[PDB]
Amino acid sequence: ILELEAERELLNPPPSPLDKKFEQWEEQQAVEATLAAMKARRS
Amino acid sequence: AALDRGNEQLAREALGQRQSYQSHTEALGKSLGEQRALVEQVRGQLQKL
Amino acid sequence: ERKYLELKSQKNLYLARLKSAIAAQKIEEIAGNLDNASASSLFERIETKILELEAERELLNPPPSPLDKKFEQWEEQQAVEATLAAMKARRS
Amino acid sequence: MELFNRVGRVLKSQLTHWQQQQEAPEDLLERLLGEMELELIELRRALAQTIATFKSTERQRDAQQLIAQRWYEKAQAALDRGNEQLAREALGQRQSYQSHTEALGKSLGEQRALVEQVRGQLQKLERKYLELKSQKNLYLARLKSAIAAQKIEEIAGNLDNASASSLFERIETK
Amino acid sequence: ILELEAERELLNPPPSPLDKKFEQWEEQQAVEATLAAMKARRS
Numbered sequence: 175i176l177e178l179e180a181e182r183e184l185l186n187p188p189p190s191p192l193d194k195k196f197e198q199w200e201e202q203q204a205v206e207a208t209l210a211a212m213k214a215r216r217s
Numbered sequence: 077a078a079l080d081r082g083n084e085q086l087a088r089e090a091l092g093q094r095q096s097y098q099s100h101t102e103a104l105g106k107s108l109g110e111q112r113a114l115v116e117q118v119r120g121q122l123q124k125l
Numbered sequence: 126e127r128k129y130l131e132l133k134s135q136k137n138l139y140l141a142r143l144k145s146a147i148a149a150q151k152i153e154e155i156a157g158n159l160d161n162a163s164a165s166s167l168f169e170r171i172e173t174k175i176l177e178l179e180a181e182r183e184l185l186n187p188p189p190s191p192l193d194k195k196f197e198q199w200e201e202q203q204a205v206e207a208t209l210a211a212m213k214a215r216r217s
Numbered sequence: 001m002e003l004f005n006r007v008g009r010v011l012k013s014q015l016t017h018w019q020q021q022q023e024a025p026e027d028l029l030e031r032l033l034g035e036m037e038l039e040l041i042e043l044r045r046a047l048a049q050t051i052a053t054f055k056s057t058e059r060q061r062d063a064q065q066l067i068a069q070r071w072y073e074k075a076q077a078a079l080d081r082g083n084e085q086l087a088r089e090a091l092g093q094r095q096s097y098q099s100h101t102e103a104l105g106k107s108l109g110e111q112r113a114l115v116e117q118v119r120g121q122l123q124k125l126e127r128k129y130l131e132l133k134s135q136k137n138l139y140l141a142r143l144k145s146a147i148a149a150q151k152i153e154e155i156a157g158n159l160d161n162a163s164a165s166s167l168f169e170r171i172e173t174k
Numbered sequence: 175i176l177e178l179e180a181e182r183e184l185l186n187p188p189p190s191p192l193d194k195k196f197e198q199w200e201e202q203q204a205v206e207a208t209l210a211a212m213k214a215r216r217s
């Protein structure tokens with residue numbers, strides 16, 4: 175199972191840790207930046 | 077409605093779930109615009125054909 | 126007796142892992158079959174064929190040279206402007 | 001020339017094999033996705049089997065702790081009116097059942113994240129199946145659009161120089 | 175039965191705990207907010 179689980183890790187590479195910072199930051203923006211309009215529109 | 081009467085905590089969580097659906101609109105919406113020119117050229121080819 | 130039931134309890138919990146993994150690798154394997162160097166390359170192989178057939182008409186039916194694209198547009202610009210040179214002077 | 005004469009005596013079968021693997025790519029495109037359906041329901045059944053175990057264990061956790069509450073309630077009454085000697089012994093038996101709650105209770109919390117990740121994997125997995133099947137029909141038109149495009153211009157070319165139009169001119173030269 | 179009961183839990187996912195806060199809050203509004211008119215109209 176671990177071998178089959180790792181098999182997908184090669185055929186389907188996991189997202190690099192870089193996006194984990196961007197995806198969270200961008201998602202933080204996706205809320206905060208989208209909330210930068212709301213917290214300024216509907217504070 | 078969650079924001080009403082200073083209940084911003086519920087609004088913050090409700091918006092997080094919307095971003096998941098917003099990613100669909102961007103991915104699915106962009107694909108539709110690309111197929112518009114795809115169907116326009118094929119029809120013009122048939123008209124000329 | 127406590128050890129028998131306890132071991133049998135985790136028994137079914139793991140039989141799902143085998144069924145979960147075998148049911149997981151066998152679909153991504155087909156998803157990979159629809160990735161590069163496989164059915165998606167066949168999706169592109171038929172595309173290379175479509176592109177090959179599309180280019181086939183490019184040779185049998187040569188496309189209009191870029192020259193006319195300037196003349197056809199200029200002449201069409203005339204076909205409107207020059208025909209409109211009469212209208213913009215007749216029906217300004 | 002030993003293992004190709006063998007290919008000759010079943011050349012009718014090898015031709016079919018290659019024809020189904022190379023040609024008719026739309027046929028495989030429908031069957032290969034069929035196995036996904038059989039596997040999706042299998043994963044649907046495999047997942048449900050995992051959902052019938054963690055809550056089957058929580059009942060055992062709820063059943064054992066219920067027995068421990070009786071001893072605590074029994075020990076609570078034993079203490080009444082200064083009968084602490086009976087309370088001391090009644091609590092000793094509760095510790096035996098308390099060890100069950102700690103061992104069985106801790107295992108339940110570990111399986112919660114186990115069932116959450118597998119479901120999220122299925123949710124993400126199902127999204128890929130329908131999405132890939134959506135573009136499936138979009139491309140099958142390209143094959144039908146190209147094959148329906150080259151085969152007419154090929155005949156239009158047959159009505160161009162050095163062909164039927166040359167026959168149009170050959171009869172003209174005649 | 176528990177397996178069949180959980181079978182519906184997958185085929186028919188239960189409402190997330192989020193709505194349990196909104197459905198109750200919104201229902202609280204559906205009474206209170208609708209009662210914000212009544213408690214102000216028919217106090």
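Protein chains in written order, with UniProt numbering: chain H, 175 to 217; chain E, 77 to 125; chain V, 126 to 217; chain L, 1 to 174; chain D, 175 to 217.
Where a beta carbon is used, it is the ideal one built from N, C-alpha and C, also for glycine.
| said: Taking the alpha carbon of L/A24 as the reference point, which residue from V/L192, V/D160, V/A210, V/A164 has its own alpha carbon closest? | reply: The sequence position of residue 24 of chain L within the fourth sequence is 24, counting from 1. With distances taken between CA atoms, L/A24 lies nearest to V/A164 out of V/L192, V/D160, V/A210, V/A164.
| request: Measure the CB-CB distance between residue 175 of chain L and V/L138 and report whether it falls below 7 Å. | output: Shown here, chain L extends from 1 to 174; a query on residue 175 of chain L therefore has no answer.
| said: Check whether the segment 176-191 of chain H and the segment 138-150 of chain V are in contact - that is, three or more C-beta pairs closer than 8 Å. | reply: The segment 138-150 of chain V and the segment 176-191 of chain H touch, with three or more beta-carbon pairs separated by less than 8 Å.
| task | Thinking V/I152 and L/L125 are a contact (beta carbons under 8 Å), I'd like their distance in whole angstroms, please. | result | Residue 152 of chain V sits at position 27 when you count from the first residue of the third sequence. Residue 125 of chain L sits at position 125 when you count from the first residue of the fourth sequence. So it is a contact: roughly 7 Å between Cβ atoms.
| How many angstroms separate the CA atom of D/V205 from the CA atom of E/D80? | Working through the fifth sequence from its first residue, we reach residue 205 of chain D at position 31. Working through the second sequence from its first residue, we reach residue 80 of chain E at position 4. Straight-line spacing of the CA atoms in D/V205 and E/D80 works out to 15 Å.
| request: Going by CA-CA distance only, name the one from V/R142, V/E201, V/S190, V/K213 that's closest to L/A46. | output: Residue numbering aside, residue 46 of chain L sits at position 46 when the fourth sequence is read from its first letter. In terms of CA proximity to L/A46, V/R142 leads the group V/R142, V/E201, V/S190, V/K213.
| field | Coil, strand or helix - L/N83 by DSSP | value | Stepping through the fourth sequence from its first residue, residue 83 of chain L is reached at position 83. Here L/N83 carries a coil assignment [DSSP, helix/strand/coil].
| message | Any beta carbon of chain H sitting closer than 7 Å to that of E/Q95? | response | Position 19 of the second sequence, counted from the start, is the residue given in the question as residue 95 of chain E. The Cβ of E/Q95 sits closer than 7 Å to at least one Cβ of chain H.
| message | Report the CB separation of D/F196 from E/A78 in whole angstroms; it is logged as a contact under 8 Å. | response | Within the fifth sequence, residue 196 of chain D is the residue found at index 22, counting from 1. Within the second sequence, residue 78 of chain E is the residue found at index 2, counting from 1. In this structure D/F196 is in contact with E/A78, their Cβ atoms being roughly 7 Å apart against a cut-off of 8 Å.
| said: What does the alpha-carbon distance come out to for the pair H/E183 and E/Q93? | reply: Here the question's residue 183 of chain H lines up with position 9 in the first sequence. Here the question's residue 93 of chain E lines up with position 17 in the second sequence. The straight-line gap from Cα to Cα measures roughly 28 Å.
| field | Under 7 Å between C-beta atoms of L/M36 and L/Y97 | value | Within the fourth sequence, numbered from 1, the residue matching residue 36 of chain L stands at position 36. Within the fourth sequence, numbered from 1, the residue matching residue 97 of chain L stands at position 97. No, the pair does not count as a contact, with Cβ atoms beyond the cut-off.
| query | Taking the C-alpha atoms as reference points, what is the distance between H/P189 and E/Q95? | reply | One-based indexing of the first sequence puts residue 189 of chain H at position 15. One-based indexing of the second sequence puts residue 95 of chain E at position 19. A straight line joining the alpha-carbon of H/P189 with that of E/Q95 spans about 19 Å.
| task | Would you mind telling me which residues of chain L sit closer than 7 Å to V/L159, beta carbon to beta carbon, in chain order? | result | The count along the third sequence starts at 1 and reaches residue 159 of chain V at position 34. Going along chain L in sequence order, the residues near V/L159 (Cβ under 7 Å) are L132.
| request: Count the other CB atoms, across all protein chains shown, that sit within 10 Å of the CB of V/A207; report buried if there are 16 or more and exposed otherwise. | output: Working through the third sequence from its first residue, we reach residue 207 of chain V at position 82. So V/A207 counts as exposed.
| Contact list for H/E181 against chain V, beta-carbon separation under 7 Å | Sequence index remark: in the first sequence, residue 181 of chain H carries index 7 (1-based). For the C-beta of H/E181, the chain V residues within less than 7 Å are, from N- to C-terminus, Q150.
| task | Please determine, among V/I155, V/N186, V/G157, the residue with the shortest C-alpha to C-alpha distance to L/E154. | result | Position 154 of the fourth sequence holds residue 154 of chain L. Per the Cα distances, V/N186.
| query | Using the C-alpha atoms, what's the distance from E/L108 back to L/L3? | reply | Counted from its first residue, the fourth sequence places residue 3 of chain L at position 3. Counted from its first residue, the second sequence places residue 108 of chain E at position 32. The alpha-carbon atoms of L/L3 and E/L108 are separated by roughly 52 Å.
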